[PDB]
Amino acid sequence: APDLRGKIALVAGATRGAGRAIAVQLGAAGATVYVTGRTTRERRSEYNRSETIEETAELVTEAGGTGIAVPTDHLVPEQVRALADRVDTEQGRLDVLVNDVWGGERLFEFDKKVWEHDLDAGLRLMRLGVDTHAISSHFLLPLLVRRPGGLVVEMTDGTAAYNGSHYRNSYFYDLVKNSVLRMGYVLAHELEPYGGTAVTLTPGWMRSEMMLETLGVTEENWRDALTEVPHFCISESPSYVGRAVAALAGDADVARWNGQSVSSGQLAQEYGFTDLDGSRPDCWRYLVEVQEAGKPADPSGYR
C-alpha cells in the first residue's frame, strides 16, 4: 500500500463521486488532502445533491489523513487564486493535484445529435468540464512545480485508445472527455522540465452515489441491479480509481507515465491494488471484448 504521509494533495471537485473517493483513498494512505467543491452544509450546488464538501474532508481525516475543506467555485478565478494562496500559506508545497471537476452528469443527453441536444446545457457542460481544469492548472501548478516530483492527475471518461475509436454519448460530452485527455498530454510537456508528471486517468463503470440511486440499490446489494442492467456486472466502487491515484502518487518512478492516458483497471493490473471487494474490474477491455462484441453480460476474466 502506498505511503503518502507528509504529502500534500488537492482534489479539485471532491464533494462526491470519484472526487470524494480519490480524496479519501489519498487520506487512507496518510496524505493531507485539500478538497474543494460548491456544496456546503449551508448551500446546495447546481447539482442539487446532499453530499457536502465538509463531509468529504471528515471522511479523509477519518480514513487516516487530514481533510481540509475549501468551498470553491472552480469557474471563479478569484476563488481558485485564493485556494492556491492558502495551500502555499499553510503547507508551502503541493505534491499531487487531481483535477476531478465534472459537474455535467445531469446536463448531457444520451443519443441526441448536436442539433437535438439542448444547446445551453451543452455549452454549460463544456465550461464546467474544461474551463475548471484550465483555471485550476493556471493557479495551482506554480506551487506544484516549485520542486521536482509533482504529479497532476486529469480525470476523464475513457482511454485515448477507446475514445479514439468510439463516439462518446453525444457531442458536448465527447468534446470534454477528449479535451481532458489532451490536457494530460499538454501538461506533461509543460511539467517535464520541472520534474513534474501529468497523466489522464479514467475510472471504469463507477458505482457512484448518483449511479446507485438511479439503479435503486445501495452499495451493499449492488448486484440486485443486474436483472435491470446486466452489463453492470463489470462495475467498480469509486474507491478503485481512488486507489489508482494513490498508487500513482506513491510511485517513486511515476514519471514513466508522463503524458499517458491510463485507466483504473489498467493500473490495478500494474500496481496490484484491488477494489474494496478484492476484485480488479477491467471496464474498457470488457466493453470492447464482451458488450460491444454482442456477447451476453459475463464478468469472467474481466474482474
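All residue numbers refer to positions in the sequence shown, first residue = 1.
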So, looking at the entry's B-factor column for Cα atoms, which has the higher mean, 37-45 or 55-63? 37-45
Which wins on mean Cα temperature factor, 290-298 or 13-21? 290-298
Per the entry's Cα B factor values, which of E228, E154, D131, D157 stands out as the maximum? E228
Criterion, highest CA B-factor; candidates, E192, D174, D95, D118: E192
Ordered by C-alpha B-factor within the chain, which third holds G259? Give me lowest, middle or highest, please. lowest
Please place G242 in the lowest, middle or highest third of its chain according to the CA B-factor in the PDB entry. lowest
For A69, return the chain-relative third of its C-alpha B-factor as stated in the PDB record: lowest, middle or highest. middle
For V186, return the chain-relative third of its C-alpha B-factor as stated in the PDB record: lowest, middle or highest. lowest
Classify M211 as lowest, middle or highest third according to the C-alpha B-factor given in the PDB entry, relative to its own chain. highest
